[PDB]
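Heads up: the structure comes next, in structure tokens.
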Amino acid sequence: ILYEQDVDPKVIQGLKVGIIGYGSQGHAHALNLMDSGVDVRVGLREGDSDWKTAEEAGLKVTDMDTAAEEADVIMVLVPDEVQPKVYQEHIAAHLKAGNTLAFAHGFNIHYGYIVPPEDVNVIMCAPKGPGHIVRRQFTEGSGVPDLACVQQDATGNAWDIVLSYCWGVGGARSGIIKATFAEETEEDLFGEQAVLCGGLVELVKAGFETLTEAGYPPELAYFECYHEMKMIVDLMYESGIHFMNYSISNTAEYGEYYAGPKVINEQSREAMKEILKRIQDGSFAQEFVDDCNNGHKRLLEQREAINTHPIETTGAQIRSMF
Amino acid sequence: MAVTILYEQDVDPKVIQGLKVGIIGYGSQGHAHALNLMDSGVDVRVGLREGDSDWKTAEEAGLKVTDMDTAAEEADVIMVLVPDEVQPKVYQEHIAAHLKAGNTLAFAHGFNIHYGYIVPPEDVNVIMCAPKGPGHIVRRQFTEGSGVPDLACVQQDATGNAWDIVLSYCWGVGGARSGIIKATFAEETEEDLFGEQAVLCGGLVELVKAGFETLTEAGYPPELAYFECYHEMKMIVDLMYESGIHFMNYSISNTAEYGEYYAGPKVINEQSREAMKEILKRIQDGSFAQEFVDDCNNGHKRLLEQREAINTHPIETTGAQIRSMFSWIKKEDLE
Ligand SMILES: NC(=O)c1ccc[n+]([C@@H]2O[C@H](COP(=O)([O-])OP(=O)(O)OC[C@H]3O[C@@H](n4cnc5c(N)ncnc54)[C@H](O)[C@@H]3O)[C@@H](O)[C@H]2O)c1
Ligand SMILES: NC(=O)c1ccc[n+]([C@@H]2O[C@H](COP(=O)([O-])OP(=O)(O)OC[C@H]3O[C@@H](n4cnc5c(N)ncnc54)[C@H](O)[C@@H]3O)[C@@H](O)[C@H]2O)c1
Ligand SMILES: CC(C)N(O)C(=O)C(=O)O
Ligand SMILES: CC(C)N(O)C(=O)C(=O)O
Ligand SMILES: [Mg+2]
Ligand SMILES: [Mg+2]
Ligand SMILES: [Mg+2]
Ligand SMILES: [Mg+2]
Ligand SMILES: [Mg+2]
Ligand SMILES: [Mg+2]
Ligand SMILES: [Mg+2]
Ligand SMILES: [Mg+2]
Ligand SMILES: [Mg+2]
Ligand SMILES: [Mg+2]
């Protein structure tokens, strides 16, 4: 693992970076980069509501073609499924020999949806964390960790560039791991599906539903299953499972060892393997891309089911009172 | 309603401020109830065994510390914060004789009263202030001007103001800032046991662990499996806690959000769901309680064999190495 002493800030401080997109990653990358003394511009479409926001934040904003053309390093921070079209229409023609094409997820390059020219660097700085937090931890004096990867080293100093960039975005604070595009792609898809988003949300929803279905009030279930999760994860994050388990009661600790493997069971472990299998062999990526080409249809249905769930409406009420 | 969440305007701070509180024990909950109540202007003493090494810790925090018998003797409100399993003995040997007519006996969880392991006398209030969080964070959030939510319960209203006392107690430990719910001792016992089992401790920890292991077992370095499955979890949960799942899902990429919907029902599957209902049955019928008490009477045999194992697991040794390198941990160490 690499830290501040292992990277050279001046490298990215001397390059012009163009952030394409201003969504979850884009704003954090853009703002952290500017705060770090980097010359940044954000490349957006005409009619994008965030144009003014990015501007009020104190950034130069221009269209995508101009940002691409002006930039030494061009970081694609738009949804993975729209990167091939966006690359070809607004990026590709602005790439000069010696330029760096950069990503925060190796998905497109790794599965072959985008094949950059042979005469540019192709790197990734993948923060292991949601963009709002990539930004917040950076402003708090901490930083989200990154994988640094180099798929094509056209200039011979792509490593110094990807590592100075991680420094730019807070990575050296908590740690940078050198990885390949294959490795980031695979571990990232797995984490968000198995544990961080799929596993977690559905675990909380399942326990909330078990209680409400058994006649406990939804308000009670939200405090127990959902609100309190933050506090438990906080202790682990700072001091480990051994500290958290010490904090809780021996009743709760016993209950953990006894109930954990019934809830996260041998089938859930096989599911995790199968999830990774489908990541590895490209069939999940094909499924997602298909759904995207079908107008996010399955994504939108499932979004509406979660958004209208009692855990979400009850939670919205309770939090409005804090 | 069903239910009415209550806040600072529903409670009267002066009530608990007018009573002497004896906190018996100084562990997770102990230190948090004791310090938040002292900060809220309450007359607090900590009750500990003679020669306990936490006595200096409590005294270092500026609290009055004395032996348990004296604490219980002096107190109007006797709050029991030692391990659930030792409560019947600690109570018999050191609390009961000190309870006067019109005293209040208080718990932070309903295990002992609900299941019958402790039968209190009919001349005292029997109440509960159960924070829905860990003791270190009941404390932290309070100092941050927030407060962990509380369940307020009364098994016995001896004096006719037991409710006023339990609600005021909740204010004193920060429950008013986020929400107080009135519940029965039964209700809290059952939901609490269920949360920590299914979701907050068993769920979560096995989930993170199985996540980490899946990756290591497929060949990814344990450092990366830690950043991915463990460290990042605090970030996602913070977004949910602040703003809802809808916002967390907004913050994450369409790639991740599609994967969430696709992978969720797979990892947290129909067997996971059956498991939770059986877990809830064993809680409601008292079997789970009898199993836990049996294990404590039997050398904490299962507890300690699992504790050893997860505490020395690679997720823990690797996480401890990784966290030791954080610039904010080194910054804080310097302090
Ligand atoms: N925090 C996360 O969401 C997260 C974390 C790590 C890596 N990543 C990776 O970062 C990259 C971006 O993810 P995100 O979730 O920050 O994106 P997002 O969904 O937040 O992207 C929104 C931004 O992209 C723009 N955009 C959308 N469609 C467009 C189009 N057709 N043309 C031009 N601009 C368009 C929007 O206007 C907006 O500025 C992805 O490769 C993702 O895998 C995301
Ligand atoms: N976060 C939590 O831990 C939490 C949350 C909600 C409710 N509760 C409830 O609060 C109560 C206490 O839980 P905890 O986890 O804070 O306890 P703990 O396990 O942190 O308690 C340890 C303390 O109890 C004392 N102690 C242990 N055995 C003793 C004995 N035989 N005689 C006298 N003192 C003894 C210790 O010396 C120490 O002060 C329980 O009823 C629990 O269910 C705890
Ligand atoms: C935000 C998080 C789940 N994550 O790490 C991602 O990589 C993502 O959103 O795709
Ligand atoms: C999860 C834990 C802090 N909790 O809320 C408890 O009820 C407990 O420790 O017994
Ligand atoms: Mg990720
Ligand atoms: Mg991702
Ligand atoms: Mg404890
Ligand atoms: Mg414990
Ligand atoms: Mg305690
Ligand atoms: Mg007394
Ligand atoms: Mg609890
Ligand atoms: Mg409990
Ligand atoms: Mg997003
Ligand atoms: Mg999304």
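FYI, it's all coordinate maths here, none of it is from the lab. All Cβ positions, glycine included, derive from the backbone under ideal geometry; neighbour counts span all protein chains shown.
Would you tally the net charge around residue A:93, using a Cβ to Cβ cut-off of less than 9 Å, leaving residue A:93 out, and scoring K and R as +1, D and E as -1?
-3
Give me the extension gain from residue A:53 to residue A:4: residue separation times 0.36 nm, minus the current Cα-Cα distance, reported in nm with one decimal.
Values: separation 49, 0.36 × 49 = 17.64 nm, distance 3.11 nm.
Difference between extended and current length: 14.5 nm.
Quick check: from the Cα gyration tensor, does region A:180-322 come out rounded (a/c under 1.5), prolate or oblate?
Oblate is the answer for region A:180-322, as a/c is 1.5 or above yet b/c matches or exceeds a/b.
Residue by residue through region A:139-156, what is 3J(HN,Hα) from phi via Karplus (6.51 cos²θ - 1.76 cosθ + 1.60, θ = phi - 60°)? Round to whole Hz and write x for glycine and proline.
Per-residue couplings from phi come out as 5, 6, x, 10, x, 6, x, 10, 7, 9, 10, 9, 7, 9, 10, 5, 8, x Hz.
Which peptide among B:60-69, B:168-177 comes first, and what is the full order, when sorted by highest mean count of other Cβ atoms within 10 Å?
Order by mean packing, descending: B:168-177, B:60-69.
Out of all DSSP beta bridges with both ends in chain B, state the antiparallel percent to the nearest 5.
If we restrict to bridges inside chain B, about 25 percent are antiparallel.
Place a +1 charge on the Cβ of each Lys and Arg in the protein assembly as shown and a -1 charge on the Cβ of each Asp and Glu, then give the dipole magnitude about the Cα centre in debye, rounded to the nearest 20.
About 380 debye.
Mind checking which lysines have their Cα closer than 19 Å to the Cα of residue B:20? Skip sequence neighbours fewer than 8 apart in that chain.
Qualifying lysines at Cα under 19 Å: B:64, B:100.
Scale the Cα Rg of region A:177-218 by the rule-of-thumb value 2.2 N^0.38 Å and send over the ratio, two decimals.
Dividing the Cα Rg of region A:177-218 by 2.2 N^0.38 Å gives 1.78.
Could you please report the charge total around residue A:14, scoring K, R as +1 and D, E as -1 over all other residues with beta-carbon less than 12 angstrom from its beta-carbon? Before the final figure, lay out the partial values.
Working: positive: A:10, A:16; negative: A:8, A:39, A:72, A:160.
For residues surrounding residue A:14, the net value is -2.
Excluding residue A:113 itself, calculate the net charge of residues whose Cβ lies under 13 Å from the Cβ of residue A:113, where each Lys or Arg counts +1 and each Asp or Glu counts -1.
-2
Peptide A:208-218: average number of partner chain Cβ atoms within 10 Å per residue?
5
Give the angle, between 0 and 90 degrees and rounded to the nearest 10, that separates the Cα long axis of helix B:162-172 from the longest principal axis of the Cα atoms of chain B.
Here the helix axis deviates by roughly 50 degrees.
So how tilted is helix B:287-297 from the main axis of chain B? Cα-based, degrees 0 to 90, rounded to 10.
On a 0 to 90 degree scale, this one is about 80.
Can you give me the angle between helix A:229-239 and the longest principal axis of chain A, using Cα atoms only, in degrees from 0 to 90, rounded to the nearest 10?
It works out to around 60 degrees.
Let me make sure I get this right: for chain B, a, b and c are the square roots of the gyration tensor eigenvalues over alpha carbons, sorted descending. Under 1.5 in a/c it's rounded, otherwise prolate if a/b > b/c, else oblate. Which is it?
Since a/c reaches 1.5 and a/b is larger than b/c, the shape of chain B is classed as prolate.
What share of all Cα pairs of region A:1-179, in percent, falls into each consecutive 5 Å distance bin?
The percentages, shortest bin first, are 1, 9, 19, 24, 23, 15, 7, 1, 0.
Cross-link partners among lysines for residue A:60, C-alpha distance below 29 Å, same-chain residues fewer than 8 apart left out?
Here the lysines satisfying the reach criterion relative to residue A:60 are A:10, A:16, A:52, A:85, A:96, A:128.
Compute the distance from the alpha-carbon center of region A:218-293 to that of region A:47-61, in whole Å.
Their Cα centres are 37 Å away from one another.
Where the centroid of each part is defined by its Cα atoms, how far is region B:295-335 from region A:70-89 in Å?
42 Å
If contacts are Cα pairs under 8 angstrom and at least 6 residues apart, what is the relative contact order of chain B in percent?
Rounded, it is 15 percent for chain B.
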